[PDB]
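Data first, discussion second: the structure below is written as C-alpha cells.
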Amino acid sequence: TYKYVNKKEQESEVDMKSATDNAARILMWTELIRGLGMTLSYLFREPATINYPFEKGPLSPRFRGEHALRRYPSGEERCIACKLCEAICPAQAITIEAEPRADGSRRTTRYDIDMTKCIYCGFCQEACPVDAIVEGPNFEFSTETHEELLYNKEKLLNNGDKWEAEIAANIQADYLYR
Amino acid sequence: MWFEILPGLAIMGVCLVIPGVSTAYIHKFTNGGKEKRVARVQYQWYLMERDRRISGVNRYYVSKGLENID
Amino acid sequence: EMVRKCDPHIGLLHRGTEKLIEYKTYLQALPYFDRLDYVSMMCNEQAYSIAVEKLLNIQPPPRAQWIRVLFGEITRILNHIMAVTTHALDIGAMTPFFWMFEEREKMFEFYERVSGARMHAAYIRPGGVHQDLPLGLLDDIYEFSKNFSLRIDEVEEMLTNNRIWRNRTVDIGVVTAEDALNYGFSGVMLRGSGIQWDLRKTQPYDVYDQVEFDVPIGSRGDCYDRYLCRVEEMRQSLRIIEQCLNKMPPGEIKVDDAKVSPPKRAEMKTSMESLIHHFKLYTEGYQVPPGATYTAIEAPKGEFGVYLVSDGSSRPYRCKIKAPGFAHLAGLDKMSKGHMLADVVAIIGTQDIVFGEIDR
Amino acid sequence: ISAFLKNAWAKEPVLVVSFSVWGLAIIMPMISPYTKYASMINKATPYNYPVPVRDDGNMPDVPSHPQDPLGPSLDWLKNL
Amino acid sequence: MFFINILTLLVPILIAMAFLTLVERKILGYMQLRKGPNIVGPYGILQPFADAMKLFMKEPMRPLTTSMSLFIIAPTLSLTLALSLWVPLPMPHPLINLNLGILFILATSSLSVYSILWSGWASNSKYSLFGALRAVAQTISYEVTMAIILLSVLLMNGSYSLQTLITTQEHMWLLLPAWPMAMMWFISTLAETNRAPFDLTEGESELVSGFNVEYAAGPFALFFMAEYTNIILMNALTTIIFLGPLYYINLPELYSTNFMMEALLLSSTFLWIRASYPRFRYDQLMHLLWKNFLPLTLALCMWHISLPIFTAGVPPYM
Amino acid sequence: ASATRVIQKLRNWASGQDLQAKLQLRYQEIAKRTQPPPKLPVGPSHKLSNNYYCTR
Amino acid sequence: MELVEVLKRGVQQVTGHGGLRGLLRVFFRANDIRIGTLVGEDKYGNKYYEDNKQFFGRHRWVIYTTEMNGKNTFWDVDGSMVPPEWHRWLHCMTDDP
Amino acid sequence: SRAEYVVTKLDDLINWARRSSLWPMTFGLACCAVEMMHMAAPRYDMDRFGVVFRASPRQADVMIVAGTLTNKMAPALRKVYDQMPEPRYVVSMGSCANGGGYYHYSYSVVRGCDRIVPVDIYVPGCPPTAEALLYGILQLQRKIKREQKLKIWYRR
Amino acid sequence: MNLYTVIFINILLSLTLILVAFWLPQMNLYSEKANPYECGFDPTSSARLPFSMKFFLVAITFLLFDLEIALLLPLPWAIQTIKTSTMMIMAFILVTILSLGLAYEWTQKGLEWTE
Ligand SMILES: CCCCCCCCCCCCCCCCCC(=O)OC[C@H](COP(=O)(O)OCCN)OC(=O)CCCCCCCCCCCCCCCCC
Ligand SMILES: CS(=O)(=O)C1CCN(c2cccc(Cn3cc(-c4nc(-c5ccc(OC(F)(F)F)cc5)no4)ccc3=O)c2)CC1
Ligand code: SF4
Ligand code: SF4
Ligand code: SF4
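Chains as they are written, first to last, in the numbering used here: chain A, 1 to 178; chain B, 179 to 248; chain C, 249 to 608; chain D, 609 to 688; chain E, 689 to 1006; chain F, 1007 to 1062; chain G, 1063 to 1159; chain H, 1160 to 1315; chain I, 1316 to 1430.
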C-alpha cells in the first residue's frame, strides 16, 4: 500500500474565518512560537548527560573490547597454537609461532596482535576451541605511542591475569548463547 | 538541572546593573549631590555659566540663594 | 553564489574493498559490508548474507528472518535520524540532532547487547544471526518504540510547519520521474517524485510479505517531500517493529547445516563432526558453488545491491557493491541547476549521502 | 471582488494591512474633532519672547498685564 | 572621576559578554538535553576566561595573500564600536548625553559592517569574500526598515534623544502602541548582529567561517566579543525604547535593575531563537525585509505621522 | 520524575503533550542486567533417524 | 510547598557530604554533589555509590581515591582506576556488586 | 618568591587554559565520525569539558583523525594540520588512522596517519566507543598538564 | 572632550589586546601555514577576481531609499510647526511616492535576483 505526504491538499474552499486564521498565522508567527515552546519544554527536562569518568555508560557481557589470553584455573595456558584465530582474523592482525614446550606440550612462543589492525570483530574468540583468546570489556586503553598498541604474548597474558575476575563472569553469563 | 544556569545570569545581571548606579552616584558626587545638569539648548548652558560665575568658585552646582542678595 | 556546474570529486575514501574481498573468504569478508554504509550496517550484512545464501541454496530459519527484519527497521530509523538531523544542521537547525542521538544511543545499546558492538555488529551472517537474542531485549525495544513517536512529533513540530524549513526545502532540488529512473535513482529519491516502488513489497527478501506497512509517496519531487517520506518511513518502521515483536517465533537462529553455519560450542567440544566443521569453517570456510547473483534490498538509502561471482572456492572471485548514493550524487549537477550554494547543501543532504559506499 | 480581497487576506495579508493603514492615516484627520488643536498647541508655545507694544492709547483689545483678563486664554488646553 | 566611570561602564560589559557566552552555551545545552560547561569551574564560570586566555596565547596568522593593514584594523574597529555604542545609553543616566543619540547609534552600527567587509576582503580567501558580500546584502536589507521603524516610534517621543524615552514611557510602555514596529525592530536587530536565523555572515554550513576563516586567536576573539557585546546593546535598546523601566528620580537603581532584567530576558530570547530555528537564505532575508516589513513600515510611519495630529498628541521639543 | 507538579504542567503546556508518561530517560522500566540462564532450543536437523545430509 | 521540599533535598545534599571541606572536595573533584547509598570501597580507596531513583546512566558512580600506586589522583583521575570486580558492576553488566 | 616557583605556577595556568579549552575541528572521514558525534551528544556532552567543534583550522587546536586516510586525502590532511596554529595537537581515532586497520594492505591507504602528521594520542577501536574517545581527550588534557615549557625556557 | 576620551580609551584597549596577541605567543611561520584556506586543497585562482553581484539593482535602489529616509528624519521637528496641514500632506506624498516606486520595481522584477 501507499500514502501521500503532501498531496492531502484538496480543492480550495475559503471563508472569512479561514482567511483570518491564516492571516494571524502569517502575522503573529504562530508556528514558530510552537518551536520556541518545544525548546522551552526541553530546558525544564532532565539532561541525559552522565558524569564521566565517575558514572559510566552501560554495557553488556558480549562487549568485545581489549584482547586477553586466559588460563585454566591451574595456571596453565589455554592456547594450543591451533591458529584458527589468525587463519580467520580478517585484518591479518594476529601472528603466531609455536614450538614444543620443554614439557612436550603444544604451546606458543609468539602471539602478537596489531591492535591498529584489529577491527574488534570477535571472530577469534568464537573460533578458539579452548576459550583462550577473548575480547575483554576494557576500552580505556589509549596510548601516547603507536608501539604500545602492538601487543605480544606477555601483554595479553598480563591482561588476562588482570581481568579474569570480569572476563570469566561475562563468559559464564554469555556462554549459553553460543 | 535548569537552575544550574542562574549563576551566570546573576553574574551578568550584577555586571549590567553596576554601570547605571555607578554613573548616577558619580554624577551626584561630582555635581554637588545633584543630577548632572543637562544642556540640550543654549539657554540651559547660559544658566549654567551664570551659576558658575556667580558662585565664588567657578562651579555651576554651588547654588547661591537669598543669602547673597543683601 | 549561483551555481553553474558541480564536479563531485569522489575517491578520497576509496580503500580497495572489492579487491581485499577477493583476497578474503565470505565470512572473513562480511565486516566490509558493515564498514561500507556506516549508519545502516545491518542492511548491508543482510544483503550480503542473502546473496551468499542464494548461491548456497539454503534458507535461514524463521526466527532469524524476523530478527533480521527487526534490526533492519531499527537501522532504517537510525539512518533516517542521521539523515534528517545532519540535513537540519547543514541548514541551521541543531537541536533535533541532540534530541534524537540520545535515542540512537539506546539503539546502539540494543546492538551491543545482541552483538557486543555498538556500531559494527557482524551479527547478520549467511544462515541467520551469530547469536540469539538475550533475555529481556524485546521488552526494552518495546519501551523504546512506545515513545519514539513522541520524538518524531517534536522534530516535526520544529520543522514541518515552519516557514523557514519550507522556504529552504520547497521547490528545491526537483527531480522528474523519468529523469530519476534514467539517472538510476532508488528509494526516496524515486518516491518523492511520485514513483510507486519499494523492494520490500516488490521483490521481498525476508518475512516482509508477512508484515503490513505503508509506503509514503511524494507529489512534488522536492527536498520537503523527501523529508516527509523519511519521517513517515520511520513511523512505518515502528509499525513493523510492533509486529516483529508481537509475532516472533521460537526456534534456532542459524541454519541447521554445519557445513555453512558453525556448530555450537558444546557440540564442537564433544562431537567429532562438529569440531571438524568448526575448524574448517573458521580456517578455510565453506565452498560456494559457482555462479553469479545480483541481490538487492531496500536499504534506508535506497537499492543496495551486490553482484557476487563465485568459483567453486571459499573466496569470492568478484564482489561489486552497488551503492545508493553513487547515482544520487551523479545527479547533483542536474538537481542543482538554477539554485544557490545553500540550496546545494540542502540537496547534498536530501540525498542521504554516505561515502563509505560511494567510494568504498 | 470580495473573494479576491478574501484570498488576499488569506495569502498576502501584509499588503492588505499596508493599504488599509495607508487609507486610515489619510482619512482619520478628516474625521477627528481634535485635529484643529495640533496647530493651536504648536502656536501656543512661547519659544520666543512676547515683545510688547507701545501703549499708543488706542489698543483697547490688548492687555496691560499678563493677569489682565484680555488676550488668548489656554483653558481649551488646560482641560482637553 | 570620569575615567573611573569609564571603567565602571567598560569592564562590567566585557565580563557580561563572557558570561553571556557562558549562558548561551548552557541554555543551548539544556535545550539540547545536555548540561554545558560544568567542569572548568563551579557550574562553568571559568570557561570564558579559559577560552580568552588560550586564544591570546596562540600563534596568530599573518598569511601571504592578505592586506595586513585592514586585516588588523577591522577587529580593532569592531571592538571599539561595540564598546562605544554603550556610552550614550541611559541606565537611567548616560555617560555622554547626546541629543542625537539615536543617530549616533545608527551611524556607529552601520559603520561596524566595514570591519566585516575589510576583514573579508583583506583575508583574500573566497569564503571570506562570500561572508563579506553576504554582510553587504544583509545591511542593504535591514538598514532601510531600521531607521523608519525608529522614526515612527520617535514621532511620539519628540526627539532623537535616548533620555526623553524615559519620560515618554513614564506611565506606559511603547510596546502597546508600537508592538508591530517592536516585532520588526526585534528581527532587524537580530539581523544587524549577524545572529541566527541570520547567521549568514559566518554560516558554518555554507561558508566554513565566512570573514573569520583566516582570522586566528586574538583578532577572532575581538570579533567574537564584539558580536556578543552588540547583542546586549541591542537588547538594551529594545528595552529602553519599547519596554520602560520604572523611573522615579529618587530611585535610579530600580531603573537599572529592571533594565537589566529585561535585557537578560531579551538576550536569553536571542539564544532561544538560535536554538529553535534553521537558517535563512540570504536572498530570502532581502525578500522579507523588502516585501513584508518595508510596505508595512511605510504604512505605520504614515499612521504615526497622522496619529499625533488627529489626536492632538504631538510630543514636545524639550 | 524528579519534577514537581509545576515544571511538569509548564512543559506539558509548552510542548502540548503529556511528556511525563513518555520520558527520554529510563527509570527501572527496563529489563535487568542480570538475567537467568537460558536453555536455547535446537533445530530440525538434530534427529537420530531419517537425517542423512544427502537429503538436506 | 514544592519549592520547600526541593530546597530541603538540596540542603541534605549540601550537608550530607561530611562537612564543608568534604562538600567542596566532592564538588571540585567530581562536579556533582548528589547523595547516594554506599555499596563498597575497594582496597585502592575508590568508593562506589548507588541511587536507583536516578535514571539509568546515573544510578551508579564512583569517587576515585586520592592515591593509587603512588599517583596523586586528587585531580588527575581516569576510568582505568576501576578494578574489574567493580568494572562489570559500574558498567551495568551486572546487578550484583 | 622564587622565579622557578612562579614559572611553574604560570605554566600550570597556561596549560589549564589550553586544556580546559580544546576546540577540535570538524574533520571526520569515515565511520568513526559517528562516534565523534555521539561523543558530542547529550550522554557525553563535549562542551561540558570545554570542547567545541570549530570548522576553520585557523581557529582549532586539535584534530581528531576520525576514519580512514586515503592517499588521495593525505595532502589535504597535512595541509589542514599545517594551517592549524601552534599549539596544535592531534588525536588518531580508530584502527584505520593508527595503522590502516582493516584496509592496511590496500593500494589506496596510508598505513597510519602518523606517517603524514605527528600524533599525540592513539585511540584504538573499530569504532572506538565514544566513552573511549572521551578517555583519550582527557588523556590529552593530562599530557598538556605535563608540558612544562616555561620551566624549560628558564633552564635554558 | 569626554566623548573623545572614551573613544580613544577604546582604541587603546583594542590596540593593547592586539599588541599582546601578536607579541606574547610563540610563533613558527612557514609557507604551507600562511597560505590561503580553500578546504584542504590549493586555490585554483585568486579571490581578487570579479565576483558577480545579482542584487546590484536592489543596492542602487537602497541608495535612493536611504536618501528618502534622510528626508523623512526631520519629522520630529516638522511636527512642531504651525503649518501642520502642509507637513501632513508632504509626508504623505513622500511616503506614497516611495511606495509607488517600490511597487513598480517589485512588479517589473527588480527585487528579484539575476540568475
Ligand atoms: C487601527 C490599527 C492602526 C495601526 C496599524 C497596525 C495594525 C496592526 C497590524 C499588525 C500586523 C502584524 C505585525 C507585523 C509583523 C509581522 C510581519 C509579517 O507578517 O511578516 C511575515 C513574513 C512572511 O511570512 P511567510 O509565511 O513566509 O509569508 C510570505 C508571504 N506569502 O515572515 C516574517 O516576517 C516572520 C519571520 C521571521 C522569522 C525570524 C525569527 C522570528 C523569531 C520570533 C520571536 C518572537 C518574539 C517577539 C519578541 C518581541 C519583543 C520586542
Ligand atoms: C552545538 S552548540 O549549539 O552547543 C554550539 C553553540 C555555540 N557555542 C559557543 C557559544 C559561545 C562561545 C563558544 C566558545 N567560543 C569562544 C570564543 C571566544 N571567547 C572569547 C572571550 C573573550 C573575552 C572574554 O572576557 C574576558 F576574557 F574577561 F575578557 C570572554 C570570552 N574570545 O573568543 C570564540 C569562539 C567560540 O566557539 C561556543 C557552543 C557550541
Ligand atoms: S576481534 Fe577480529 S580483527 Fe580483532 S584480533 Fe580477533 S579476529 Fe582479528
Ligand atoms: S584459536 Fe585459541 S588455541 Fe588456537 S591458536 Fe588462537 S588463541 Fe591459540
Ligand atoms: S576504524 Fe573501523 S569504525 Fe573507524 S573508520 Fe575504520 S572501519 Fe570505520
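Think of the CB as a built atom: it goes at the ideal place given N, C-alpha and C, for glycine as much as any other residue.
Excluding sequence positions up to five away, which residues of its chain have a Cβ less than 7 angstroms from the Cβ of residue i?
i: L685 (chain D); result: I649, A652
i: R750 (chain E); result: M756
i: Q1298 (chain H); result: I1280
i: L767 (chain E); result: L910, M913, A914
i: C89 (chain A); result: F123, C124
Report, in whole angstroms, the separation of the C-beta atoms of residue i and residue j, which I expect to be a contact under 8 angstroms.
i: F759 (chain E); j: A905 (chain E); result: About 14 angstroms separates the two Cβ atoms, so there is no contact after all.
i: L954 (chain E); j: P868 (chain E); result: With a Cβ gap of about 17 angstroms, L954 (chain E) and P868 (chain E) do not count as contacting.
i: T1135 (chain G); j: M1143 (chain G); result: 7 angstroms
i: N1131 (chain G); j: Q1034 (chain F); result: 37 angstroms between Cβ atoms; not a contact.
i: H992 (chain E); j: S840 (chain E); result: 4 angstroms
i: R967 (chain E); j: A884 (chain E); result: 6 angstroms
i: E144 (chain A); j: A1291 (chain H); result: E144 (chain A) to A1291 (chain H), Cβ: 15 angstroms. No contact.
i: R366 (chain C); j: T1288 (chain H); result: 6 angstroms
i: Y359 (chain C); j: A370 (chain C); result: Not a contact, Cβ separation roughly 11 angstroms.
Residue i touches chain A at which residues, Cβ-Cβ below 7 angstroms?
i: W1123 (chain G); result: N51, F54, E55
i: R1017 (chain F); result: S41, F44, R45
For a contact defined as C-beta to C-beta under 8 angstroms, what are the partners of residue i on chain I?
i: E1245 (chain H); result: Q1341, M1342, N1343
Can you name the residues of chain B whose CB is closer than 7 angstroms to the CB of residue i?
i: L157 (chain A); result: Under the 7 angstroms cutoff, chain B gives no residues; its nearest Cβ is about 47 angstroms from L157 (chain A).
Going by beta carbon distance, what residues of the same chain come within less than 6 angstroms of residue i, once the five residues before and after it are set aside?
i: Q313 (chain C); result: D454, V455
i: residue 1008 (chain E); result: With chain E covering only 689 through 1006, there is no way to say anything about residue 1008 (chain E).
i: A1214 (chain H); result: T1185
i: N159 (chain A); result: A68
For a contact defined as C-beta to C-beta under 9 angstroms, what are the partners of residue i on chain G?
i: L1228 (chain H); result: By Cβ distance, chain G contributes nothing, its closest Cβ being about 28 angstroms from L1228 (chain H), past 9 angstroms.
Residues of chain I with a CB under 7 angstroms from the CB of residue i: which are they?
i: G586 (chain C); result: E1430
Using a Cβ-Cβ cutoff of less than 8 angstroms, which residues in the same chain neighbour residue i once the five nearest sequence positions on both sides are dropped?
i: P1050 (chain F); result: none
i: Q1075 (chain G); result: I1095, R1096, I1097
i: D338 (chain C); result: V593, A594, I596, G597
- prompt: Which residues, taken in chain order from the region 1040-1057 of chain F, show a beta carbon closer than 7 angstroms to some beta carbon of chain A?
  reply: Residues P1043, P1044, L1046.
Which residues, in chain order, does the region 412-442 of chain C contribute to contact with chain I at a C-beta distance below 7 angstroms? Under the 7 angstroms Cβ criterion, the region 412-442 of chain C contributes no residue.
Of the residues that make up the region 1208-1221 of chain H, which ones have a beta carbon closer than 8 angstroms to any beta carbon in chain E? Closer than 8 angstroms at the C-beta level to chain E, one finds these residues of the region 1208-1221 of chain H: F1208, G1209, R1213, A1214, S1215, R1217, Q1218, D1220.
What runs of the alpha helix (DSSP H), each 4 residues or longer, lie entirely inside the region 259-344 of chain C? For the region 259-344 of chain C, whole alpha helix (DSSP H) runs of length 4 or above, ordered along the chain, are 265-268, 279-284, 289-304, 310-339.
Which ranges would you report for the alpha helix (DSSP H) in the region 816-860 of chain E if only whole runs of at least 4 residues count?
With a minimum length of 4 residues, the continuous alpha helix (DSSP H) runs that stay inside the region 816-860 of chain E are 852-856.
Checklist line | alpha helix (DSSP H) runs contained entirely in the region 912-986 of chain E, provided each spans 4 or more residues | finding: Considered as a whole, the region 912-986 of chain E harbours 940-964, 970-976 as its complete alpha helix (DSSP H) runs of no fewer than 4 residues, in chain order.
Starting from the N-terminal side, write out each stretch of the alpha helix (DSSP H) that is 4 residues or longer and does not extend beyond the region 336-385 of chain C.
If we require 4 residues or more, the alpha helix (DSSP H) runs fully inside the region 336-385 of chain C come out as 343-363.
Near-chain D residues of the region 3-33 of chain A (beta-carbon distance less than 9 angstroms), N- to C-terminal order:
Correct list: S12, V14, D15, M16, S18, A19, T20, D21, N22, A23, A24, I26, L27.
Mind listing, in chain order, the continuous alpha helix (DSSP H) runs of no fewer than 4 residues lying wholly within the region 857-903 of chain E? Runs of the alpha helix (DSSP H) inside the region 857-903 of chain E: 863-880.
Worksheet entry | Length-filtered (3 minimum) beta strand (DSSP E) runs lying within the region 1251-1315 of chain H | Inside the region 1251-1315 of chain H, DSSP marks whole beta strand (DSSP E) runs of 3 or more residues at positions 1280-1282, from first to last along the chain.
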